[PDB]
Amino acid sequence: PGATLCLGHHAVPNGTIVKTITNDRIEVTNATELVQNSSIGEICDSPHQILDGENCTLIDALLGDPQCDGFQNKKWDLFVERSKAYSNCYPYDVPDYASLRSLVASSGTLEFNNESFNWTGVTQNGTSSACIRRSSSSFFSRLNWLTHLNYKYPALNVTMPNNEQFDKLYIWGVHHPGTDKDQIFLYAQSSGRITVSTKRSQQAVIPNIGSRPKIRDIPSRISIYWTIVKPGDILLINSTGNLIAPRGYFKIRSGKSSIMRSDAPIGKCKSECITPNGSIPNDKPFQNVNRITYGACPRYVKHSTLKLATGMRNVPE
């Protein structure tokens, strides 16, 4: 009579197709997806400190456009710039805009310390109807539009030492008036010149008078520049007109801070990984949601799906 003893393995009714080195379609008992392909559609506000820029670019929060006053001295891990953002102050450009945005985003703070420059022989606090703060002609909060006093603009030659233990970031500008009349009306002479220097750097700018296409009726422009002053170094601002002066300095830190362009809403939840589409889970090693990421994120790949086998070959019958 005897007996029979059969050795065997399980199978399932609902197997999953995976790829191998030798077969592009083979059925296994179970698999798990390694490419995260979805976001929750919102940026979770923990654990990273998120600053929603709302109507303001980071640079407009830096300069101090009036709609951005609530951003003064704020800090962030990630600044979120919205596509609806708009400027509503004096028209300006920034040569190497991208670099200024980057270095400020990376620093993660708009901490600003006022300094007294002793501007002697000029009118301070120039305003404009293109920059309205509380129904009143105004200007960039962190900039000081210096004009003539008594049809005189004497040569400024001003020193600000850095006696602190941290670096200072000075933001300043140069006014390019629309016509020759304006050049005289504000600075009482035809040729501006600005030199901003330290021991190790010098930035000399000549204004360029003329019409640019009008933005809120203004054919003139301000061009923005920046200067970092190390401890033991000295800012030296030598100018004879057309200086849009600093009111102080920004702290410049190094850390983990950045900036991202997104229109996703901010939600009350926890997620380590942020993309412009929203936060994504980070269990999986890869993702195809967005090449732009911040935090502990799966690596971006161009595959919609990669299934890792977690069981044997499925052999029904």
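We number the residues from 1 along the sequence you see.
As the entry records it, the average C-alpha temperature factor is higher for 135-143, out of 135-143 and 78-86. For the segment pair 64-72 and 255-263, the entry gives 64-72 the higher mean B-factor, averaged over Cα atoms. Within the listed group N150, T227, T109, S102, the record reports its top CA B-factor for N150. Sort the chain's modelled residues by C-alpha temperature factor and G311 lands in the lowest third, per the entry.
Per the deposited record, the Cα B-factor of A98 falls in the lowest third when ranked against the other modelled residues of its chain. Sort the modelled residues of the chain by CA B factor and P1 lands in the highest third.
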